[PDB]
Every structure is written in structure tokens, then in C-alpha cells.
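J.:
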Ligand SMILES: O=C(O)c1cnc(-c2ccccc2)s1
Ligand SMILES: [Zn+2]
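In the working numbering, the protein residues as written are 11 to 150.
(1) For residue 77, is the beta carbon positioned less than 7 angstroms from some heavy atom of ligand 1?
(2) Report buried or exposed for residue 169, applying the criterion of at least 16 other Cβ atoms within 10 angstroms of its Cβ.
(3) Which of the three DSSP states is assigned to residue 77 in this structure?
(4) According to the neighbour-count rule (16 or more other Cβ atoms, all chains shown, within 10 Å of its Cβ), is residue 23 buried or exposed?
(5) With distance defined between alpha-carbon atoms, name the residue in 132, 102, 101 nearest to residue 71.
(6) For residue 73, which option in 112, 145, 106 has the closest C-alpha, if you only look at C-alpha atoms?
(7) Looking at C-alpha atoms only, which residue of 78, 110, 77 is the closest neighbour of residue 7?
(8) Can residue 25 be considered in contact with ligand 2, in the sense that its beta carbon sits closer than 7 angstroms to one or more heavy atoms?
(9) Give the DSSP-derived three-state secondary structure of residue 109 in the structure shown.
(10) For ligand 2, is there any heavy atom lying closer than 7 angstroms to the beta carbon of residue 101?
(11) According to DSSP, simplified to helix, strand and coil, what is residue 42?
(12) On the three-state DSSP scale, how would you describe residue 129?
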């Protein structure tokens, strides 16, 4: 689990979104595994505006932060996961690292702020849903 709180937005894995997320839906993209819901309390997170391909992500299954190199956001074929079986995911970034189902929502960050959140795992790979192209997250 885990979310990004920037301005009056909550960003979550679309597959872990709650009733309340859907009750306050701002924007969702099935292909990206992303859902943004409205919040009443102001969020303190900053979204990275950069093309960093190195950063640190939180892995709840190891209670550890790992430094990783990750691929540019791409259309990647996500294999048979419990959340998503053999299906395509866009704006997805892969690195070599540990990711279990419960690791989704762990934040990947650089010096410039939040890059994305854990979305995929398996085979010694961690996939991150990129949020840096969503410029609207730092306004209205
Ligand atoms: O400030 C940051 O987010 C980082 C600094 N150095 C990093 C790093 C180090 C080794 C391999 C891959 C990545 S990530
Ligand atoms: Zn950066």
C-alpha cells in the first residue's frame, strides 16, 4: 500500500483505490494502474519535473529504501500478477529489485521529488508507474 499527497490530490495504485477514492475520483487510467482522488487537507509531496533514471524506492516487504536505475516510462507487458494478469501497462519504469504485491504504493523519488509508485513485481524486477508527466498534479 501507499499514496502520494500533492496539493489537494491523492495518487494511488488504481487496483488498491478505495470506495472513498472512487467517490472523490479526479482521474484514472487502467493502462497506467493510476487513480487520482481529491483531498480536503493539503498534501506536502513534490512531483519531480525531470528525466532522472536513478532514484530510491521504499520496499515495505524489506522495510528498506533501495537505490535503483530504472528504464524510461514505456508500454511494457506486465505478466500474470494477482492484481493484473498478462496485460500491457503504459508509463511503466522497470528496475532490478524486490517487489511483492503488498509493495505497490511504495514511492520512487530522486533529488527533484516523487517520480512514481511501485505497481509491478516478480522475477527480480520492480515496476514503477511514472507520475512526472502529470503536470496538473502541481496546480488546480
Ligand atoms: O538521490 C538519489 O535518488 C540517488 C542517488 N544515487 C542513486 C543510485 C545509486 C546507485 C545506483 C543507482 C542509483 S539514487
Ligand atoms: Zn529527478
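Don't be surprised by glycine CBs; every beta carbon is placed ideally from N, CA and C.
T.: This is what the structure holds:
(1) True, at least one ligand heavy atom lies under 7 angstroms from that Cβ.
(2) Residue 169 cannot be examined here, being either before or after the span of the chain that is shown, 11 to 150.
(3) strand
(4) Residue 23 is buried by the Cβ-count criterion.
(5) 132
(6) 112
(7) Residue numbering for the chain in the displayed model covers 11 to 150; residue 7 lies beyond these limits and cannot be assessed.
(8) The answer is no for residue 25.
(9) coil
(10) no
(11) helix
(12) strand
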